[PDB]
Amino acid sequence: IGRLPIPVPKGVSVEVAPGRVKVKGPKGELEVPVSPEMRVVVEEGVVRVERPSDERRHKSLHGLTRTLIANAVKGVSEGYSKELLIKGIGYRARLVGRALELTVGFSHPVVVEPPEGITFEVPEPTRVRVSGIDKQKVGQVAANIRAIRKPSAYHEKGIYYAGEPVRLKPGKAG
Amino acid sequence: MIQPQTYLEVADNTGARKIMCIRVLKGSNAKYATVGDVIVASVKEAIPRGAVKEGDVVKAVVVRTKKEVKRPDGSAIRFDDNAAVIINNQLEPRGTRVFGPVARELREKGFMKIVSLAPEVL
Amino acid sequence: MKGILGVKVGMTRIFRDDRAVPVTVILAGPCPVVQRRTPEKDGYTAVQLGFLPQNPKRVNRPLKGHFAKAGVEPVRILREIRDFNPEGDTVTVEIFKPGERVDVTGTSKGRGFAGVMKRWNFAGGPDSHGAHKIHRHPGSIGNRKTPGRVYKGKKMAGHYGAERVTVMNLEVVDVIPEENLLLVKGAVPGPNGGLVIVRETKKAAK
Amino acid sequence: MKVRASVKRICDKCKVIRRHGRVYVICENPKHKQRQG
RNA sequence: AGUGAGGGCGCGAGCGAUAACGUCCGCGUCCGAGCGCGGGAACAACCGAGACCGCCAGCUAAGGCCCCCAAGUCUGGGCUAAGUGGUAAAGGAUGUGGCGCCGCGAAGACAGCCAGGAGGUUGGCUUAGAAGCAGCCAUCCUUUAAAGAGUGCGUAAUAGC
RNA sequence: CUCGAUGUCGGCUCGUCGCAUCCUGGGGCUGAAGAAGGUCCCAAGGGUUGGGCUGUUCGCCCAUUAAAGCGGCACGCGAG
RNA sequence: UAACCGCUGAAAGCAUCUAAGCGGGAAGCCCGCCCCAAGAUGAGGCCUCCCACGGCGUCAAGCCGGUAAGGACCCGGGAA
């Protein structure tokens, strides 16, 4: 009824191999997990995740294999770029090539490195983020960077995802 | 050379060139009112007038007798034990005082005044 | 990074604009007496000797163990792993460059047999209000039903001199390439005019 | 915040989070860090 | 002729704090004084059981059968999965599984979605502001996406979600 | 159990484990600006001074200190 | 890895660090640091070297020389 419907457009390399499903698209040969009982098909344009039951384990498993391998696909279709925005009077940014310029620790050496699907985008640099491929590892690295200085609820000067409304509280007494 | 409890000598605005220190002002584990150091004490000896009194200051380490061994293998020993009394900051006590030169002191540095102050013979 | 030696004696010297004290290291130059090839002793390494005490005196075995890659006529020998032999004979006439940091050790001069007194710190007990043991003696050793007995590994009286050991970092100070000698300002680890060795390890980030 | 007990949520919409036998309430207000595992 | 003082367990009253391998009395068993065997790890009194002496005999208690060690790593149907097994209460909880029950307007559901979030809604005080999103209650009307006497981020009302 | 025998205090000397950790760090929280406090969960690693008076350990007081913890072992220690 | 922070994600067709799978992280845990150590009968591993030593009832795992192959003994010396 509902927790298993998805199409596999682009004629993507949509195949199941040694107990691992191989989703190959712009290159992201993404390895989407395959629980032995979940099971799925990709015929015509329709890709379906099945349920060898419906109890707790399985049902969640469904939500997963479905959503996550769904990922495998959408991903293999484009290229996974994380939109991110650096912003704060205290900070600098430029690709440098394969790292993380960055400067707001007032002893700025910030020489980072790009894991993989990770390409650096400095078009601002106020607006500035990265592109990845692997939705999981991408949101992640993004995070790594955010984390390393970003916080600031009461005074801003950080890195922000899309940049949530950053809830902020007063300083002294007024 | 050192001591905890001590009958030491001074010669600043002293009540008497003598006070008894408790211990060393250094790294919490005294045991050595040592050459060129800074420590704690009260008076032992008398004091004609003088705004000094029978109280207690802290201050800095002069002479010793049991090896003033310096960086340059400069070497010495005076058959005398005494330091200069301090007022807070360190800023020495008296206008002058009876004694003289030699590395260790100035070297500790913080007290140049003592430095130029006790120069000549004695 | 290793030197094999006959430790001489400790003495004082001067450096820059100040004196300070060193020690006399002396080593003719050990040589590839035995090699653990790895396929040989996958604990790969070099064993060498560095002098020579009388030949008329020498077990056959020794004679041929030498035979091996054949070298000379001594008796001072020992081994160390993870150290290539970019040679087949070593001296230190450069082997050990000065103005460098080193680590080193040797035999440990042989003490005696003194209790709580020696062996360990804290000089014995006290003396006066009690003299049925005057000044020092053995601390305490356990108790009633705690472990219900006598303990098993706290310091103890006696023999504590016939052993060996080493010192962490020390300075290479100076190199005398002729008389294969080097001054190093060292804890003269163990006697002198006897046996020692040096090795260098310290990826120490200050 | 934590407490080997209590926790009846709070921040008017304070979340009952299941994590490691860890009775942990999660919200949008630090005031509610409810760690009772 | 011997004990003329004894303890334990279960139930029933004391007492004690409804504490103690406490001490008081009673019904029973007990254990000594047989209570020497099984046993529960090993443990005087907790379930089994009375040993006159044999058996390189077989049926059984209790309680056991992957192994250490005799005995199915039986079959059958479940429910937990924390290692509970392998001591604990008060009490806490979108634990796990189970009821015996509630919402299904396929006049096609809920979390996810889209857009509008309607005009009198405009003081009552306070109006510096209520003109739902400042305090003392208001509980009506038209009007359609069906209607918020406006559950909520708020300041100067207000303006926006 | 112990009265055919179990040395009770205070201290000494050598201590050994423990965490409801004092200093240490790791932390979320603040009525958190900074700094600094204070509010809990994690973690014993090392560390966890001198004197004064008092036979008193506790204690009060002098001087510092990063700090100068509570306590288990017949309140460890007489075959020391 | 502790608390504590996150990524990807369902079962709770919006959400969640959370079984699934991934990461951050403590002066603490294994290592790295030195010091013991196959009497770790589960080593000995490598090097050199005397010979497979010589006589005795086969089962010769007993005798004697065998080798100074080597070492012990006594002597003489040692911060051992």
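Before reading further, recall that the structure is shown in the block above.
About the criteria used
Residues numbered from 1 in each chain as written, not as in the entry; some residues may be left out. Chains lettered and ligands numbered in written order. Part of a larger assembly, values for the part shown. Heavy atoms only, no water. Helix = DSSP H or I, 4+ residues; strand = E, 2+ residues; numbered from the N terminus. Rg over C-alpha atoms; globule rule 2.2 N^0.38 Å. Buried < 20%, exposed > 50% of the residue type's maximum accessible area, 1.4 Å probe, protein only. Areas by Shrake-Rupley, 256 points an atom, 1.4 Å probe, with all protein chains shown as cover. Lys, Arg positive; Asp, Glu negative; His and termini not counted. Charge placed at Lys NZ, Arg CZ, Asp CG, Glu CD. Near = heavy atom within 4 Å. Polar contact = N/O pair within 3.5 Å; in protein donor to acceptor, adjacent residues only side chain to side chain. Nonpolar A, V, L, I, M, F, W, Y, C, P; charged D, E, K, R; others polar.

K.L.:
I tried to follow the overall build of chain C on my own but got confused; where do I start?
P.N.:
For chain C, the count of helices and strands is one helix and 14 strands. Taken against the 2.2 N^0.38 rule, which gives 17 Å for 206 residues, the C-alpha radius of gyration of chain C at 23 Å runs more than 25% over that of a compact globule. Taken along the three principal axes of its C-alpha coordinates, chain C extends 70 × 50 × 45 Å. Counting every position in chain C, which comprises 206 residues, the buried fraction comes to 24%. Accessible surface computed for chain C: about 14,500 Å², of which carbon and sulfur atoms make up 63%. Charged side chains of chain C number 36 positive and 19 negative; the gap between the two group centres comes to 13 Å.

K.L.:
Would you mind showing me how to read the protein's contact with RNA strand E here?
P.N.:
Taken together, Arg56 of chain A together with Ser6, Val7, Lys8, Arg9, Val16, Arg18 and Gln36 of chain D make up the full set of residues adjacent to RNA strand E. One of the backbone N or O atoms of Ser6 of chain D is found 3.2 Å from a sugar or linking oxygen in RNA strand E. One of the side-chain N or O atoms of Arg18 of chain D is found 2.3 Å from a phosphate oxygen in RNA strand E. For the surface near RNA strand E, the residue count by class is two nonpolar, two polar and four charged.

K.L.:
Is there a simple way to explain the protein's contact with RNA strand F in this structure?
P.N.:
Close to RNA strand F lie 23 residues; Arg23 and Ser28 of chain B, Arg144 and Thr146 of chain C together with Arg35 of chain D are nearest. The sugar-phosphate backbone supplies 66% of the atoms of RNA strand F found within 4 Å of the protein. Here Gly171 of chain A contributes a backbone N or O atom positioned 3.4 Å from a sugar or linking oxygen of RNA strand F. One nitrogen or oxygen atom from the side chain of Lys31 of chain D is found 3.0 Å from a base nitrogen belonging to RNA strand F. Only β2 (18-24) of chain B together with β9 (142-143) of chain C provide two or more residues apiece to the surface near RNA strand F.

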